[PDB]
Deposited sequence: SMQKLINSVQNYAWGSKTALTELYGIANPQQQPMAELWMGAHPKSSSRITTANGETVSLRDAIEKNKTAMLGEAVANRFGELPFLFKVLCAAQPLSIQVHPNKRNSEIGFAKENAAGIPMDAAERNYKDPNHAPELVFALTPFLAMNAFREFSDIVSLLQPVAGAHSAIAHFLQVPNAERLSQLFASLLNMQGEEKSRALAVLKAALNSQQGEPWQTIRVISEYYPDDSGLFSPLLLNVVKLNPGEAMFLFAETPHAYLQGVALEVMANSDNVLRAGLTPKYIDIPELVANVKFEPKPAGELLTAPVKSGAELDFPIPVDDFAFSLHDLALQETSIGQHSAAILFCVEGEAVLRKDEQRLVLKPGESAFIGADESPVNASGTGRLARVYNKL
């Protein structure tokens, strides 16, 4: 009924050597970086159940596993669920919208794995498991101005912006910063990196955190353009389309639609097509108090509303008295802390922290009890 998941760990060079072990007791005796723990049915690394591919168990029976609304809307598990362990800051990224991902995939086809690997859009939610430092969206024009003034002599475009703090200038400035070359770029970093020494607090400290991993990158300027946030454990943010963001430090749950598309906007050595980037970015400020997702608590369930149909995400507080958890779709249940006893009829499945279970549509509901919390990814249709 309930299938305990065997999950892939991506050992990207940027991953923590200790965070998955320290939190969840996941073994790592050769000390590889452990960057992402994948829960789902990705074609390149499907989670498995007891052994067989979860992705294969789904395609063998879509209706029973996904439920009819999901199988008729998506035709597969419509999300991928990760624990992300960033021991280094990652690249700034923008997800183009649906329309433009279609255009992009199609246009590239006339080279391959390319930024449009895939004609799908890529909504994302991140959920902090440990203090999680990030960038999300442009700051308010007035705060952009205040933060740039200590470095205004850095580059002509900054001066141009400060003189007229509008969306065009921000856009020009964004583009101008990424297209700095040679000594144009050095005059710029020097104004910035020398001026890290006579400024205090944030966002300067964040810049200083990034400069360890990216000394020679124009994205060192981004924390002046973009809202820096430290998510506390249990807070979350949705990453909209056309909105620069980056995951800089810490451990989180990440849910995403199935798209591998991404336009990089800095903190990266790879080539960046700035025209392509700039056409797919929304140069509107976004206030600090709209960044986090406001959850809704009902009973023991804390739901985080997602403005997109592709997935939904809820936290469930376990009590020693059983509670019912059900959905009209497939769900993945992931133990965040404590310990969860799952029961369906005669079946009992214990989840320790970091362990997950796949619950097919035809196996809802299940009874959960124990201590701590369980995260669930599912679909509300």
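No alpha-carbon coordinates exist for the deposited sequence positions 51-55, 116-118, 122-124, given here in order along the chain.
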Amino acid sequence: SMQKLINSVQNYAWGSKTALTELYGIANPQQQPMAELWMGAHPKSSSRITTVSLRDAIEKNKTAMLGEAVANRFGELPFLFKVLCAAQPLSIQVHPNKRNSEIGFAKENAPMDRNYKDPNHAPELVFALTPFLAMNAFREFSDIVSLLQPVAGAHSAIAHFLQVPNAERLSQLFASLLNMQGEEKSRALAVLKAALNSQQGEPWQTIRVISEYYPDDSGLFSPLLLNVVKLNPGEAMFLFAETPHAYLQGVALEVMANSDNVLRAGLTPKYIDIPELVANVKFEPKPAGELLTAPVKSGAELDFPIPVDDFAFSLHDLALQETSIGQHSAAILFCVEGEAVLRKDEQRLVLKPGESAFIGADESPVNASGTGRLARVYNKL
From here on, numbers count along this sequence of modelled residues.
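Set 272-280 against 300-308 and average the Cα temperature factors; 272-280 ends up higher. Stretch comparison (65-73 versus 348-356) by mean CA B-factor in the PDB entry places 65-73 on top. Taking the deposited Cα B-factors for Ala106, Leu133, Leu239, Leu129, the highest one is held by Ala106. Between the residues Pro295, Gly234, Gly250, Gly153, the entry's highest C-alpha temperature factor is the one at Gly153. Sort the chain's modelled residues by C-alpha temperature factor and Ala57 lands in the highest third, per the entry. When the modelled residues of the chain are ordered by C-alpha B-factor, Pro123 sits in the middle third. Residue-level temperature factors show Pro287 in the highest third of its chain, judged at the C-alpha atom. Split the chain's modelled residues into thirds by C-alpha temperature factor. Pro29 is in the highest one. When the CA B factors of the chain's modelled residues are split into thirds, the value for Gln321 lands in the middle one.
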